[PDB]
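First comes the structure, then the notes that go with it.
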Amino acid sequence: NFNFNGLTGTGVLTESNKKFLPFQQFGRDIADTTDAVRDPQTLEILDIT
Amino acid sequence: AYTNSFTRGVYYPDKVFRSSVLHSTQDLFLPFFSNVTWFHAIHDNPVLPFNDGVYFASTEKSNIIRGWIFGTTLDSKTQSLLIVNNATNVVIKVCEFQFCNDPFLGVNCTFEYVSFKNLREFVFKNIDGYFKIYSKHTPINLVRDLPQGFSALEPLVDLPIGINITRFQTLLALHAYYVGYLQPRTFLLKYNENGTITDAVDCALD
Ligand SMILES: *[C@@H]1O[C@H](CO)[C@@H](O[C@@H]2O[C@H](CO)[C@@H](O)[C@H](O)[C@H]2NC(C)=O)[C@H](O)[C@H]1NC(C)=O
Ligand SMILES: *[C@@H]1O[C@H](CO)[C@@H](O)[C@H](O)[C@H]1NC(C)=O
Ligand SMILES: *[C@@H]1O[C@H](CO)[C@@H](O)[C@H](O)[C@H]1NC(C)=O
Ligand SMILES: *[C@@H]1O[C@H](CO)[C@@H](O)[C@H](O)[C@H]1NC(C)=O
Ligand SMILES: *[C@@H]1O[C@H](CO)[C@@H](O)[C@H](O)[C@H]1NC(C)=O
Ligand SMILES: *[C@@H]1O[C@H](CO)[C@@H](O)[C@H](O)[C@H]1NC(C)=O
């Protein structure tokens, strides 16, 4: 179970190869579900599966 | 003077990432092929209105324009926003600071923040209480006109100011730009594999 800034859900976290622009916080999928999130306390970008 | 804007003036509408997808969104955009008023630098300071938002492009290398003013009654009796290139850093200040009617320099405040071969584009909009700035910097050879081409703008800063606006003015100094207003439009943006908007369709156009 993951919770980033209140964005809460369940899934497996992994390191992401997506190149988020510096102002982007999460990547939204076709089904309007967050498939990628920035770690709030780091520059790290993680992919949700 | 007037000149058509071809397609430029589109910006990443939200703070969300997307890839390899056609995404439809309703937002304040600069409609394609609309005339944008053209101005040139000499001596004066032309007046401009401001509604919904504005897209503002320029081309220069001598820093002829240093920044902007935004407000309703600009003559130093209500809260207004002043943006200026300090010397190398960029400073934004919301205050009732004193201006002339055509201020320029030589060679109760409420908010503070700090940061011809080139063409710089900006979008300023006041929505949901926030003042949002988007920008793009690009090398160019068409010193005369904003070129036939495409490139999306990305936010520079996003302030929670919330003041009222009906006008704005450019700021210069003593030792060549275009302005066009936004409208609410539905756009279709093509996010490429790397997540950058490579093309768009203003599908209220035709
Ligand atoms: C922002 O301030 C301006 C005045 O600087 C307001 O302009 C008024 O707009 C209404 C609209 O119906 C007119 O009836 C008034 O005559 C206008 N007043 C002046 C002095 O021009 C504007 O309404 C304000 N808007 C917001 C959102 O605060
Ligand atoms: C917050 O986390 C960062 C790691 O990105 C760390 O360097 C920093 O020290 C932390 N904050 C404080 C007050 O220690
Ligand atoms: C603005 O553009 C339209 C066509 O796009 C044209 O008919 C009109 O004359 C233009 N405005 C001015 C002031 O030339
Ligand atoms: C830059 O801003 C600081 C703080 O407002 C000011 O002290 C400084 O003089 C500015 N730079 C120049 C070259 O004046
Ligand atoms: C602004 O400054 C004046 C003094 O010039 C003062 O009387 C007033 O209280 C200040 N604040 C506002 C909101 O006018
Ligand atoms: C996407 O980004 C990669 C980064 O390594 C780059 O090599 C590639 O050329 C880019 N392609 C496009 C279409 O932007």
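Okay, which of the range A:20-47 sit inside 11 Å, backbone N to the point 7 Å along the Cα-Cβ direction of residue A:7?
Residues passing the 11 Å test: A:24-29, A:33-40, A:45-47.
Given H placed on each backbone N at 1.01 Å, which residues far from residue B:5 in sequence or on other chains put an amide H within less than 5 Å of it?
For residue B:5, whose amide H was placed from the backbone, the distant partners under 5 Å are B:33, B:34, B:35, B:36.
In a solvent-free Debye calculation with one equal scatterer on each Cα, what is log10 I(q)/I(0) for chain A at q = 0.16, 0.28, 0.31 Å⁻¹, listed in the order of the q values?
Results for chain A at q = 0.16, 0.28, 0.31 Å⁻¹ read -0.38, -1.24, -1.48.
Rg and Dmax of the range B:59-164 over Cα atoms: what are they, in angstrom?
15.3, 45
Using label points projected 7 Å from each Cα along Cα→Cβ, tell me how many nm separate residue A:39 and residue B:52, to one decimal.
Those two pseudo-labels are separated by 4.3 nm.
Label points 7 Å out from Cα along the Cβ direction at residue B:95 and residue B:72: separation in nm?
2.2 nm
With θ set to phi - 60° and the Karplus curve 6.51 cos²θ - 1.76 cosθ + 1.60, what are the ³J(HN,Hα) couplings of the range B:145-159 in order, to the nearest whole Hz, using x for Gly and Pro?
With the stated coefficients, the range B:145-159 comes to 9, 5, x, 5, x, 8, 5, 8, 8, 10, x, 9, 7, 8, 9 Hz.
Could you line up B:68, B:38 from fewest to most neighbouring Cβ atoms inside 10 Å? Before the final figure, lay out the partial values.
Details: B:68 19, B:38 16.
Fewest to most other Cβ atoms nearby, the residues stand as B:38, B:68.
Using Cα centres only, tell me the gap between the range A:16-34 and the range B:54-100 in whole Å.
34 Å
So what is log10(I(q)/I(0)) for the protein assembly as shown at q = 0.11, 0.16, 0.18 1/Å, when the Debye sum runs over its Cα atoms only?
Evaluating at q = 0.11, 0.16, 0.18 Å⁻¹ gives log10 I(q)/I(0) of -0.68, -1.26, -1.45.
Output the lone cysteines of the protein assembly as shown: those with no second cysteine's C-beta under 4.7 Å from their C-beta.
Result for the protein assembly as shown is B:100, B:203, no neighbouring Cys Cβ within the cutoff.
Can you give the % of DSSP beta bridges in the range B:79-193 that are antiparallel, to the nearest 5? The partial results should precede the final answer.
Details: 25 of 27 bridges.
Among the beta bridges of the range B:79-193, antiparallel pairing accounts for roughly 95 percent.
Quote the charge dipole size of chain B about the Cα centre in Debye, to the nearest 20; the model charges only the Cβ of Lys and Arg (+1) and of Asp and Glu (-1).
Working: 16 positive and 18 negative charges, 61 e Å.
Magnitude of the dipole: close to 300 debye.
What per residue convex hull volume, in Å³, do the alpha-carbon atoms of the range B:12-114 yield? Present the calculation step by step, with values, prior to reporting the outcome.
Working: hull volume 19.4 nm³, N = 103.
Taking only Cα atoms, the range B:12-114 has a hull volume of 189 Å³ per residue.
Ordered by residue, what ³J(HN,Hα) values in Hz, to whole numbers, does the range B:70-86 give under the Karplus form 6.51 cos²θ - 1.76 cosθ + 1.60, where θ = phi - 60° and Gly and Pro are x?
With coefficients 6.51, -1.76 and 1.60, one gets 9, x, 10, 10, 6, 7, 6, 9, 7, 6, 9, 9, 10, 10, 8, 6, 4 Hz.
Could you work out the mean count of beta carbons from other protein chains within 10 Å of each residue's beta carbon in B:12-25?
Details: counts 3, 0, 4, 6, 8, 17, 6, 6, 0, 3, 0, 2, 0, 0.
The shielding value for this peptide is 4.
Any idea what % of Cα-Cα pairs in chain B are farther than 29 Å? Numbers along the way, then the final one.
Details: 5178 of 21115 pairs.
Beyond 29 Å sits 25 percent of the P(r) for chain B.
Average partner chain C-beta neighbours within 10 Å, per residue of B:145-155? Don't skip to the answer; put the middle values down first.
Values: counts 0, 0, 0, 0, 0, 0, 0, 0, 0, 4, 4.
Averaged over the peptide's residues, the number is 1.
May I ask for the equivalent-ellipsoid semi-axes of the range B:126-167, computed as the square root of five times each C-alpha gyration tensor eigenvalue and listed largest first in whole Å? Don't jump to the answer; show the numbers that get you there.
On the way: eigenvalues 166, 31, 13 Å².
Here the semi-axes work out to 29, 12, 8 Å.
Pairs B:61/B:132; A:19/B:190; A:19/B:117; B:15/B:117; B:77/B:136; B:15/B:136: which are spaced more than 21 Å apart, C-alpha to C-alpha? If you can, show how the numbers build up before the last one.
Working: B:61/B:132 25 Å; A:19/B:190 16 Å; A:19/B:117 29 Å; B:15/B:117 31 Å; B:77/B:136 33 Å; B:15/B:136 16 Å.
In this structure, B:61/B:132; A:19/B:117; B:15/B:117; B:77/B:136 exceed 21 Å between Cα atoms.
Coordinate-derived values only; no laboratory data. In this analysis, Cβ positions are derived from the backbone assuming ideal geometry, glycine residues included, and neighbour counts consider all displayed protein chains.
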